[PDB]
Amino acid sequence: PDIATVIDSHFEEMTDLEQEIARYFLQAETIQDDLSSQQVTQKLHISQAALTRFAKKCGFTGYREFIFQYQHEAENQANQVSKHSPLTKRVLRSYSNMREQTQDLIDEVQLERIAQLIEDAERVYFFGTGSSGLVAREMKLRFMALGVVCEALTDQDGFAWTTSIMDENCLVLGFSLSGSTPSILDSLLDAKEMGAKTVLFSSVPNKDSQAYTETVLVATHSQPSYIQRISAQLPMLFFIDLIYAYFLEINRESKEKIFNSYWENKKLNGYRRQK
């Protein structure tokens, strides 16, 4: 219980004189006063022993403990006002709002469906340009570590090389934050032409309906202007992590075996670098 609740809870055990002391300490602007026994005594015109008895009636060891604690409450409360600059808060709000917007866009049934497509494919490709090419490389790092045969392609030549060898046991995931990156949209159609399954990640719903096997709507940025937006990868990273978590639970034991084997070779390699 905070100070006011304890004082309030002992108020009616207190004498009229002790209620005057309680009244003083229940004032908001009292925290601004010199709360020594020698100044509170003078201000309230009361004796030093009366303050001690007041603190003990409230369940403290003495006055000094009471007033130090009284200031712990004050200190804890004052630290709850934010200490950050507007600029900082804007950036933090951009992240938290993308979590919230992502959360409201999740279709768990679709994400588990996509997790299954990855598992069912023999070959998985991630297609993306610019900042979305970084997302594609990131996804490969995550999923190769669990044993998936995958590759990340980030230019027309790669998509050309890959789509031309694609078959119906291939799955391509394409990343286009804007939903209109010509090289991504047309490359996914090349892959579809060859028999592959196709997943499009985009922040705009577009006319992709029916065009690809799955279309995943990802968050838009909270900031209107381009120059002030946070990382362009982030809308996609949320969905990479979601699909990943779903995918890991599919035959986890074999996937954990592969991951741990990579880990062991890393430990051994690092030791040899030392020795």
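Counting begins at 1, following the sequence as shown.
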| item | value |
| --- | --- |
| Higher-B stretch (mean Cα B-factor, as the entry records it), 179 to 187 or 148 to 156 | 179 to 187 |
| Stretch with the greater mean C-alpha B-factor as recorded in the entry, comparing 102 to 110 against 160 to 168 | 160 to 168 |
| 196, 200, 92, 78, ranked by C-alpha B-factor: the highest one | 78 |
| Which of 30, 52, 215, 220 ranks first by CA B-factor in the deposited coordinates | 30 |
| Record-listed C-alpha B factor of residue 138: chain third | lowest |
| Ranked against its chain, the third holding the CA B-factor of residue 256 | middle |
| Ranked against its chain, the third holding the CA B-factor of residue 35 | middle |
| Relative C-alpha B-factor of residue 238, binned into the chain's lowest, middle or highest third | lowest |
| Record-listed C-alpha B factor of residue 245: chain third | lowest |
